[PDB]
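Protein chains in written order, with the working numbering: chain A, 3 to 471; chain B, 127 to 594; chain C, 3 to 471; chain D, 153 to 617.
These notes concern the structure reproduced below.
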Amino acid sequence: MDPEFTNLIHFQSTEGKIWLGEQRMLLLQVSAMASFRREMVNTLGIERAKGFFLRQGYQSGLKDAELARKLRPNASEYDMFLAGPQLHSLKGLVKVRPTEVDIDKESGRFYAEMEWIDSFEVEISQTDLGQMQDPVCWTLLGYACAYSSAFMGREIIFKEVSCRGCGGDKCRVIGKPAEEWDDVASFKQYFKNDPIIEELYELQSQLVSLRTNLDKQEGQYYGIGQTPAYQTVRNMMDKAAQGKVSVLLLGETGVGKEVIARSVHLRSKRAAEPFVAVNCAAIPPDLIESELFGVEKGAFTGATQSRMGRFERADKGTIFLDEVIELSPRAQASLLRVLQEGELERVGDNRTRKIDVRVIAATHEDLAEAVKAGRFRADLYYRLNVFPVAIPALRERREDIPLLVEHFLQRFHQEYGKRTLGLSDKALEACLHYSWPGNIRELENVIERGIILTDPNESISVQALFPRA
Amino acid sequence: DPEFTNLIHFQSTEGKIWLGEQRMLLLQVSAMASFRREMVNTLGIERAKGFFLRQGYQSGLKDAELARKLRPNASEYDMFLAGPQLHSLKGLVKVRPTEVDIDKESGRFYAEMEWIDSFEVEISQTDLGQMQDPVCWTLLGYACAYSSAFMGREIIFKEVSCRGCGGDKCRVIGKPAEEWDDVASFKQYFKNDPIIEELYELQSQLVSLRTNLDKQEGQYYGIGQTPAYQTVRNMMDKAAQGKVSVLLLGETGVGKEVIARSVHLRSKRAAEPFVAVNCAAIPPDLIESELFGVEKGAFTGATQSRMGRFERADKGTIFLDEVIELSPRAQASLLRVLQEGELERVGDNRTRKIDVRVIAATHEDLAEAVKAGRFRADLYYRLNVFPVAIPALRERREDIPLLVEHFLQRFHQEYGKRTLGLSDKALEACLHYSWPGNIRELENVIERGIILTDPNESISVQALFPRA
Amino acid sequence: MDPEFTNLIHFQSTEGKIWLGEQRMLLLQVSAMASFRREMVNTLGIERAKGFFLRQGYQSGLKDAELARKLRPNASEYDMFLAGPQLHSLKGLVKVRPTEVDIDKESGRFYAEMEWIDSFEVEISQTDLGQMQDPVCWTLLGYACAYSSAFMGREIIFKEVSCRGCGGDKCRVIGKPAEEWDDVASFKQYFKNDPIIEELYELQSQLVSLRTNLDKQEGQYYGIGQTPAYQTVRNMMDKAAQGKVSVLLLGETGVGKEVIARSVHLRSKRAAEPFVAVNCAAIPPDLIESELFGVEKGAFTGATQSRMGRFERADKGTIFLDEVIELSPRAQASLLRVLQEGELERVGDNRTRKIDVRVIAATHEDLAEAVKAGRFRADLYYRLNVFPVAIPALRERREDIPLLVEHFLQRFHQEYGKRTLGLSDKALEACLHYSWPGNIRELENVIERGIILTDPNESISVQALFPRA
Amino acid sequence: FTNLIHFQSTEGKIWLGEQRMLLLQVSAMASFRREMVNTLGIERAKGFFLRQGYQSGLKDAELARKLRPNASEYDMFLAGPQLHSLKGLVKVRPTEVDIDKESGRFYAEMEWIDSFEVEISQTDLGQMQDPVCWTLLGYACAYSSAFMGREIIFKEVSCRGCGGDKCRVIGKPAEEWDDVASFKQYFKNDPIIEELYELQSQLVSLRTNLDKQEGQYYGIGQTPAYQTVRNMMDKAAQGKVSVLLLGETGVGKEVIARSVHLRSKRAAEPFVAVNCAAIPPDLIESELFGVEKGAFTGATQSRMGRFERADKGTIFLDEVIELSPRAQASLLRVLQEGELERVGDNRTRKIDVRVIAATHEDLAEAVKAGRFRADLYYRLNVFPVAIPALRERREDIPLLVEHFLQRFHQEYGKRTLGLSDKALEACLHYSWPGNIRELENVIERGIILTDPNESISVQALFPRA
Ligand SMILES: [Zn+2]
Ligand SMILES: [Zn+2]
Ligand SMILES: [Zn+2]
Ligand SMILES: [Zn+2]
């Protein structure tokens, strides 16, 4: 009580501004706040809106504590502390009736009990009422906690032992230091920010990525740039797409030649046509020939039913052949006939079948001396060497490594949350200085190990990948 | 200002501030800045924008009623200008109306105004980056509200430029909503959808989508204690206590494999491996090599030795669907495993004992299959010790609703979040059906009924088994 | 042992022929037969070799029974039946010891117990150091069953009760007519000659079809024959796909607009670039804008970490927008800016970045009258209506119904069932007389239900689909 | 010679020197080849009969060398074709012969009259536009190679089964031929049964992996630590006591709780696991106990909690320390009185839920900081169960890794047949901060980095060393 601050609330109406000391002020309507709190509780629940108003009262109380300290710096301990309730009476929030006070800034002692008459929160509560079985003066309590804590330096927690919105006779509150309370953990959880919008964004992102994981075979790599070698590889595949040339993918294991062939097929004039990939190592050669070219029924090797070969399955399209060196010699002769005249014969069949099939082979072994050993035909090598396309390893793309890895982090982050919000410059330096035999598979694997292995820290360990053992 | 400066009566001793007949309060601008900051940080920008817009709109309605009750007639322009004069009086903004055209009787309205020293831009200063959209929200709401209450028509302003976006001046234009082209963007702010319900809904969707991951037991037959389901349940639970092999006689598509899984879970060996085997797989020489393995050597064409499926069920349980489709050597080896607890891999001389419970199943009548020599009598009598007949849905008339209800909840979450309706005519049509396919056909028709349902709250009667 | 047996094996050394009665014969080494059986068992199954040798012995026994009948023509029942095993002894295969016999060709009664001394099959078992777990005298048993059956006129079946190759003391066999046996199926299974090469081709085809799921599906039911309505839609789709013009797909639910947009992207110049489809049925408020255009972190919005929008995911590529009418007005404005100026900015983002994204919107509701009442902006409507493409309901393409279902049937023939491709024309005539309110999705669903309701019947039953209530 | 094929019919045997012989019918061989081609094709049966004739020819070459040790250089080679004529296979007419054992030179051309293979071909006919005398050709090649010591290859330049007038064959050393790769490919064993077993195994594993996994981490024995942990979980399984799993990150506590649930008396009842760290606490409270509709907390529709979803069953709670204090009080009420209330609801609901909490942080001092309730800690610490790290189970490590390698070998269908004991020593000598999880990860990376039949390198895992 005892205001004596109306002389400092000077204001100039002509400019549309209100002042108090050096601080700007605003005059808001109470009915608007009533509808505001009504819709707030309707769209946020009660516990969440209570915590939000509590945090806002705490922030307003810290600001008013700074203001009161700027107003009368050398008043007195009690005279400075009373400015809080005096600010409540001045701003029209509540009328304060402190029935008991005990304060000593040096010893840390604190205790108070006060009555809040004509609280604006109980007045708006008459507009939005229902069960109202818990105290409603939330911003008042948060402002009280903030002002008392800023004045004492200790954590002070108030509790409205009685409130008019609960059917009680008078709003009465008690304030003691937090150490002298029984259960403060619930109150401290009331003070947490709990940003629901970020939780909603994370849930929507995880839900979209989890529902899109079906048919998730389009985004891969080979589409980032930033190194001259990749630019050469992409413009070279652009040149190969427009032409009818059979393409040979020279590279190393784990560089992703199959997705490269898929991109070359999509960039070609026959992108809508089927694309069939065949890993020659997966199929034993005795089955390799019959799978690549099919087989017709009959007494000659004839099974019960004719089966179309993979080349006819890719008619008007493209055939990819990984590890083409591992072909049976008769299959190599059939491939040479298909490549030079566009004709094939099913196994056990004498009649010919026309085809129009683009060919993209790939291999890691040095085919030039492989022909010298008799392991591969010379003519088929001559027909396949028309358009070599070298795909560099990451060791040839050292400066390109970081963009991939952070992208990989996102690819794992939504699967497991934004764990490891760091890069560990030592780990990045170790990644720049490594041969990487599995240039993209080993990278994805070690990044998976780094994501799973860094649970009790927000920064990736340098030992999580390339452990010293 | 004649003479509104005297309208702000306040008594400090009473702890109240008054304006006309309306109680009011005076807050700091920095506190409102932190208020808007935490508000936008907790909800979306549009949610907070709608909140502040509705707050300004309610304040404008109340202030229009107050100005109407203060000076009764006077003049039209003075009564309309009392709104912006109230804005200047409360410390919100300074108003500079550069153009006005008002006629309350005819309904004509147009106005262009400048908002100088808006407090909302002072709150925008706490956010170092410029906002991409105008920030004077409660100002716009109070403007539209006061203008609409003063005219009797709905009047809508729009901040064509704002200083919080980097503009030179806060400039607003106000004309009646019917004279606008696109008004829906303003009306979207008035819709108040509870964000917490969307959080619970998204968490429920993600939890339901990740709960469909790798669980083994969730299929059907809940606590619907129908006499037939209860008899079959007590039969399986009494069967689980022993090691006796159990034969599941029933109909195709009833899901005998999960029944065997439940029998294994109710058994004493639930922690031990449970392996199901469909005999529809080709049974030439591969059925024997897969069921009992094969050892490497020159005595058989095996480069690598391969463990059989029965050894994978060691100390556990093996399910055998369509047991009639076994080769006679496989029937003999199964009889040896069932009567002596021993087996030997193909091409292997040494023998190893095993402890494997057996759950066979078949749709064909096994008695007449043993007749004509298609199946050995020994294995038949060893497997028929504890038959468990699974009734068709035709005799399960009372279990049909509970099932479909669970299936509804099971499939409404499947990429659709749709209706829970049943349409009693469709339900009576469903209870009166032979169901040649028991559970598979019912789940298929339930999905087909889900196909032709818009998020209208009712499954169509004609969506199931249409006239043609 | 008989006057006619010795010296009956006429043979000419210089002429290169060996004869026995009227039958040509061959003399092979035992070690060669041992390596023969070794290669046979090492390449095929134990049962495959068992059935081959048993059938070979059966044919030899049938021919030798006819030979013994024509050699001594007068009956002497026991003498001819014992001449059978005596013929076994003459060829050097086995020594026979009939310990019990009971024969009456007229009454059909038969029983015999015999011992096989020095069987060559056990000597071949000696080359396989591991003892067989089952009796090894296969061709002997087949010759026995064949000779006894031809001599009696009834089917006679022997079984080796004990064998020296399985570790037994003596080779002991019992022969009685098949009707007098208890379990005969295990022996009868050896007469079935199922080609192993067909099983190899079938297993390779199944494994390849299951391993081809790693590749993205080549497409869906978009490719059908040149039906005039489908052909008009096809040529319109091709001329629209060549350009960057945004395409609006007006149609009905279940018509499959997404596969249409995917085919448009594959036929476009940006097929290698990402294609992202977005259904607006997902919850809209503030989430539709943040997902379509992203959001940047900062104090201006409740974003802890920035999230890329789906339009940025479609950079240089194509985005599909199903139910575009269900866009928030802010989303419609941002989409209009992206479509008219090629630029967008993330929510809460200060800097603007341009994008190059083709747009394919689609809707079942009529956009006309939707712009009325304000549900959709006129600017975006006129910008999207430049190239409408109406997709007819299946009622106008009933001539396409068989082509679809046939492709669907074989597509479902691989679905864990290896079931049927039949149609039953009455069911097709019942299908043509139906509105199909759900066009293609409902037809695929009823086809799956019919596959569930039909086992070996090849034509799906006419009554299997849509039975009466 | 015919004088050496003496035999005694009384014992049922035919002899030639010290080698036993047998007399087989030709009609049986005709049906044999018919069924062989019907179930194997033509090229496969051709290679089979070729190598079988090769084996018979090598055996007959050893026999002929045993018959006349001092046979002349010409007569010893001629013993082959006369053995062909003696056994009834073919009549031989050598039109040219040239042999020199020392220099390795060889050449011959001969006629095969009345071949039995063309005779059976007359019964089983069709295309047969390629030479049919397969076993004869293999026997000739084997005998000439065994006699010379060099690779000698014959080829039937003409055959009566191809419509030709006479069967004519030529034998030359393999180096002097143009295309020998086809014949050498004909000589390969080609075990089709092994390919069938491999395809069936890969197909069965590929069809069962789509049916979802159950668990794997448990069941690896032969170490004291695992045996103590398993007997502890066995003793804990029969009771209803709430269990606290104290361990380390990545030790696989969830599968341990699932095995304890299956070993318990409520194995048929539902089992629900919840990782508290994955769910933000603001959602943790509403998710563990549900929420009721009303003006309170929002909620357009009531939502069941995970505890009611696990009624009559068991709930696992990883990282129980990260619970909101009101959720901790509700969990203590559920634990000591078996009752719960949905958020925003006043009425109580009975439940019967077994509880297994787990944590990696030191729970004892976490209560001292005010981060966790004391009463709930006393109620959860009733039965602590420590799960050791792999460093305490080093002797068990190789068994795990071999099972791991097998589960990954089948992951790609055909992979390295080695472990490299040096790499095993490196695995035993590592802290493994991520037990079983880091082991699976390093093994997958090492397997992807190796592709031959060679042992996996120690640098494939723990590189840069
Ligand atoms: Zn109160
Ligand atoms: Zn402004
Ligand atoms: Zn025997
Ligand atoms: Zn010939």
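Note that CB positions come from ideal geometry on N, CA and C, so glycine has one too.
Practice item. Whole angstroms is fine: what's the gap from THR141/A's alpha carbon to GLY155/A's? Key: Your numbering for residue 141/A matches position 139 in the first sequence. Your numbering for residue 155/A matches position 153 in the first sequence. The C-alpha of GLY155/A is placed about 20 Å away from the C-alpha of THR141/A.
**Study point:** For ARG379/A and residue 2/A, the rounded distance between their alpha carbons
**Key:** The question about residue 2/A has no answer, for chain A in this structure spans 3 to 471.
Check your understanding: Would DSSP call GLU17/C helix, strand or coil?
Key -> Counted from its first residue, the third sequence places residue 17/C at position 15. Per DSSP, reduced to three states, the secondary structure at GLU17/C is coil, with no helix or strand assignment.
Practice item. With 9 Å as the C-beta to C-beta threshold (strictly closer), list the residues of the region 428-449 of chain D near chain B in chain order. Key: Within the region 428-449 of chain D, the qualifying residues are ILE431, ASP434, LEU435, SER438, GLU439, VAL443, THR449.
Point to revise | Among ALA366/B, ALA589/B, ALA495/B, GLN430/B, nearest to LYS551/B - alpha-carbon criterion | key: On the second sequence, residue 551/B is found 425 positions in, with the first residue counted as 1. Across the set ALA366/B, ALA589/B, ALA495/B, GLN430/B, the C-alpha of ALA589/B shows the shortest separation from the C-alpha of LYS551/B.
Review point. What residues in the region 6-34 of chain A have a beta carbon less than 9 Å from any beta carbon of chain B?
Key: If the cut-off is 9 Å between Cβ atoms, the region 6-34 of chain A has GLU6, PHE7, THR8, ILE11, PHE13, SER15, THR16, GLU17, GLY18, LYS19, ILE20, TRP21, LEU22, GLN25, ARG26, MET27, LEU28, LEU29, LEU30, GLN31, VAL32, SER33, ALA34 near chain B.
Check your understanding: Which two residues bound the contiguous beta strand (DSSP E) that contains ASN427/D?
Key -> In the fourth sequence, residue 427/D corresponds to position 275, counting from 1. It spans 423-427 - the beta strand (DSSP E) in which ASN427/D sits, taken as one unbroken run.
Practice item. State yes or no: is the beta carbon of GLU201/A nearer than 8 Å to at least one beta carbon in chain B? Key: Taking the first residue of the first sequence as position 1, residue 201/A is located at position 199. Yes, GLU201/A counts as interfacial toward chain B.
Practice item. Using a cut-off of 9 Å between C-beta atoms, extract the partners of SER388/B located in chain D. Key: By one-based count along the second sequence, residue 388/B stands at place 262. Contacts between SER388/B and chain D, judged by CB atoms closer than 9 Å, involve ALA420 in chain order.
Check your understanding: Cα separation between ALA223/D and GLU254/D?
Key -> Translated into positions along the fourth sequence, residue 223/D becomes position 71. Translated into positions along the fourth sequence, residue 254/D becomes position 102. Taking the straight line from one Cα to the other gives about 16 Å.
Exercise for review: Select from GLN352/D, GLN368/D, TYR369/D the residue whose C-alpha is nearest the C-alpha of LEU212/C.
Suggested key: The residue labelled residue 212/C in the question sits at position 210 within the third sequence. Ranking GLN352/D, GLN368/D, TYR369/D by Cα distance to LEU212/C puts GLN352/D first.
Review point. So which residues of chain D does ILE48/A contact, with C-beta pairs closer than 7 Å?
Key: For the purposes of this step, residue 48/A is taken as residue 46 along the first sequence, with counting starting at 1. What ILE48/A touches in chain D: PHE448, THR449.
Check your understanding: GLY167/C: beta carbon under 7 Å from a heavy atom of ligand 3?
Key -> Taking the third sequence and counting its residues from 1, the one referred to as residue 167/C is at position 165. Yes, since a heavy atom of ligand 3 falls inside the 7 Å radius drawn around the Cβ of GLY167/C.
Exercise for review: May I ask which residues mark the beginning and end of the beta strand (DSSP E) holding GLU347/A?
Suggested key: Within the first sequence, numbered from 1, the residue matching residue 347/A stands at position 345. Counting along the chain, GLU347/A sits inside no beta strand (DSSP E), nor does DSSP assign it H or E at all.
Point to revise | Cβ pair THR162/D, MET3/C closer than 8 Å | key: To locate residue 162/D, count along the fourth sequence from 1; it is residue 10. To locate residue 3/C, count along the third sequence from 1; it is residue 1. Cβ distance < 8 Å, so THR162/D and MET3/C count as in contact.
Review point. Which bits of chain B does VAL356/D rub up against, with CB to CB less than 7 Å?
Key: Working through the fourth sequence from its first residue, we reach residue 356/D at position 204. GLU416, listed in chain order.
Exercise for review: Return the CA-CA distance between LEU95/A and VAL286/B, expressed in angstroms with no decimal places.
Suggested key: Numbered from 1 along the first sequence, position 93 holds the residue referred to as residue 95/A. Numbered from 1 along the second sequence, position 160 holds the residue referred to as residue 286/B. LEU95/A and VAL286/B have their C-alpha atoms spaced approximately 36 Å apart.
Check your understanding: Hey, how far is the Cα of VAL472/B from the Cα of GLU187/D?
Key -> Taking the first residue of the second sequence as position 1, residue 472/B is located at position 346. Taking the first residue of the fourth sequence as position 1, residue 187/D is located at position 35. Whole-angstrom Cα-Cα distance: 25 Å.
Check your understanding: In its own chain, which residues sit with a C-beta less than 8 Å from the C-beta of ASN195/C, not counting the 5 before and 5 after it?
Key -> Residue 195/C sits at position 193 when you count from the first residue of the third sequence. Excluding residues up to 5 positions away in sequence, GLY53, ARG57 lie with their Cβ nearer than 8 Å to the Cβ of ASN195/C in the same chain.
Check your understanding: For a contact meaning CB atoms closer than 9 Å, what does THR452/D contact in chain B?
Key -> Working through the fourth sequence from its first residue, we reach residue 452/D at position 300. The contacting residues are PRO320, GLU323, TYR326, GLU327.
Exercise for review: Measure the Cβ-Cβ separation of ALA36/A and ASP130/A and say whether it is below 8 Å.
Suggested key: By one-based count along the first sequence, residue 36/A stands at place 34. By one-based count along the first sequence, residue 130/A stands at place 128. Yes; because the gap between Cβ atoms is below 8 Å, this pair is in contact.
Check your understanding: What residues in its chain sit with their C-beta under 6 Å from that of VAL359/A, if we drop five residues either side in the sequence?
Key -> Stepping through the first sequence from its first residue, residue 359/A is reached at position 357. Excluding residues within five positions, the ones whose Cβ falls inside 6 Å are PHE313, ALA316, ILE321.
**Study point:** Candidates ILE362/C, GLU446/C, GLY419/C, of which the one nearest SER248/C by Cα
**Key:** To locate residue 248/C, count along the third sequence from 1; it is residue 246. Nearest of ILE362/C, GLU446/C, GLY419/C to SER248/C, Cα basis: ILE362/C.
**Study point:** Helix, strand or coil at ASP324/C according to DSSP, with G and I counted as helix
**Key:** Reading the third sequence from its first residue, position 322 is the one you call residue 324/C. Strand.
**Study point:** Interface residues of chain A facing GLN181/B [CB-CB closer than 8 Å]
**Key:** Position 55 of the second sequence, counted from the first residue, corresponds to residue 181/B. Within 8 Å of the CB of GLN181/B, the CB atoms of chain A belong to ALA34, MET35, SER37, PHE38, in sequence order along the chain.
Review point. Within this structure, are the beta carbons of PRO233/D and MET262/D separated by less than 8 Å?
Key: Here residue 233/D corresponds to residue number 81 of the fourth sequence, with the count starting at 1. Here residue 262/D corresponds to residue number 110 of the fourth sequence, with the count starting at 1. The Cβ atoms of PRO233/D and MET262/D lie closer than 8 Å to each other.
Point to revise | Proximal chain D residues relative to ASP340/B, where beta-carbon distance stays under 7 Å | key: Translated into the one-based positions of the second sequence, residue 340/B becomes position 214. Chain D residues near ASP340/B: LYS364, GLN365.
Review point. Going along chain B in order, which residues have a C-beta closer than 7 Å to the C-beta of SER91/A?
Key: For the purposes of this step, residue 91/A is taken as the residue at position 89 of the first sequence. Within 7 Å Cβ-Cβ: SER138, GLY141.
Review point. Which stretch, first to last residue, makes up the beta strand (DSSP E) that contains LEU430/A?
Key: Here the question's residue 430/A lines up with position 428 in the first sequence. Here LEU430/A belongs to no beta strand (DSSP E); instead the alpha helix (DSSP H) covers 427-434.
Practice item. Report the residue ranges of all beta strand (DSSP E) runs contained in full by the region 365-415 of chain C; include only those spanning at least 3 residues, in chain order. Key: As far as the region 365-415 of chain C is concerned, its whole beta strand (DSSP E) runs of at least 3 residues are 390-392.
Review point. What residue does the beta strand (DSSP E) around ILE176/A start on, and which one ends it?
Key: Position 174 of the first sequence holds residue 176/A. Counting along the chain, the beta strand (DSSP E) containing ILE176/A begins and ends at 173-179.
Check your understanding: Near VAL587/B, what residues of its chain come up, given a Cβ to Cβ distance below 6 Å and the 5 sequence neighbours on each side ignored?
Key -> As a working note, residue 587/B is residue 461 in the second sequence. The residues are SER549, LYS551, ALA552.
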